[PDB]
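Read the single chain below, which is given as structure tokens and is the form deposited in one PDB entry.
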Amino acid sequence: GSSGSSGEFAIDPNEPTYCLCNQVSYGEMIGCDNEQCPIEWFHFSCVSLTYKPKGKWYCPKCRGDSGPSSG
């Protein structure tokens, strides 16, 4: 990558986005065990991850579904 350049937190229309922060893949990323998941791609730092977990990892968007807006 680039040694260092100001102007972070920017989403370019050139490259797509997956992670929740909607940013271009970078650093370490894992594939949500849930295939159906349209993202199946999230950053570590974002998902408070230090290293590839030796266990099924389900994005915070899948594991948290129960609970509809209205009752």
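All residue numbers refer to positions in the sequence shown, first residue = 1.
This next part talks about the form deposited with a partner chain bound, which is not shown.
- Task: Decide whether residue 25 counts as a contact residue for its partner chain in the deposited bound form under a heavy atom distance cut-off of 4.5 Å.
- Result: Answer yes; at least one heavy atom of residue 25 falls within 4.5 Å of its partner chain in the deposited bound form.
- Is residue 60 close to its partner chain in the deposited bound form, meaning a heavy atom pair under 4.5 Å apart or at it? Residue 60: no, not in contact with its partner chain in the deposited bound form.
- Message: With the partner left out here, check for me: in the deposited bound form, does some heavy atom of residue 38 sit within 4.5 Å of its partner chain?
- Response: Although its partner chain is absent here, residue 38 would stay clear of it in the deposited bound form, with no heavy atoms inside 4.5 Å.
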